[PDB]
């Protein structure tokens, strides 16, 4: 049924911010496992011939947890780039300034939401129905893809497997890696 998307860059392209080993396990195993598990759940069911987004928005229990984790992870690989990092640009840079006054204040605000996102979770940059940006946290497999009026723009995966190999317990070190990789091209494509 579903397939594991290719990573949008080479396996060592995010070094030294996220390691080759971390991509091998995180994409090659964790992401892959949600694809396998979902493909094992849907045969014969009403979800069999639906798209992944259709399934995320219409399921609960294990079908949701795997489908939403497939979507979220694909969204996360796209939120990183060997050519990202640095200051934001475009429409998204101006929208960050509009909501938080400055890029630096926005970074401080997302870092605080990310470090304190308790347990397995995701911290997101979203665009609300009034066109303004905000940061929201979700837990486990939950995702703003299911929230009316809310458009995902960027995400940071805070389940421990996302960073434990490279950073152990220090999420602030992982976030410094994320800011070095953040894909503003994908953020602007989503915003626009």
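Residue numbers count along the first chain shown, from 1.
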Inset, instruction - Output the stretch having the higher mean C-alpha B factor in the entry; the candidates are 85-93 and 72-80. - result: 85-93
Legend entry - 40-48 versus 141-149 - greater average Cα B-factor per the deposited record: 40-48
Inset, instruction - Looking at the entry's B-factor column for C-alpha atoms only, identify whether residue 57 ranks in the lowest, middle or highest third of its chain. - result: highest
Inset, instruction - Quick one: classify residue 111 as lowest, middle or highest third of the chain based on its Cα B-factor. - result: middle
Legend entry - residue 130 - which third its CA temperature factor falls in, relative to the rest of the chain: highest
Inset, instruction - State the tercile, meaning the lowest, middle or highest third, of residue 24 with respect to the CA B-factors recorded for its chain. - result: middle
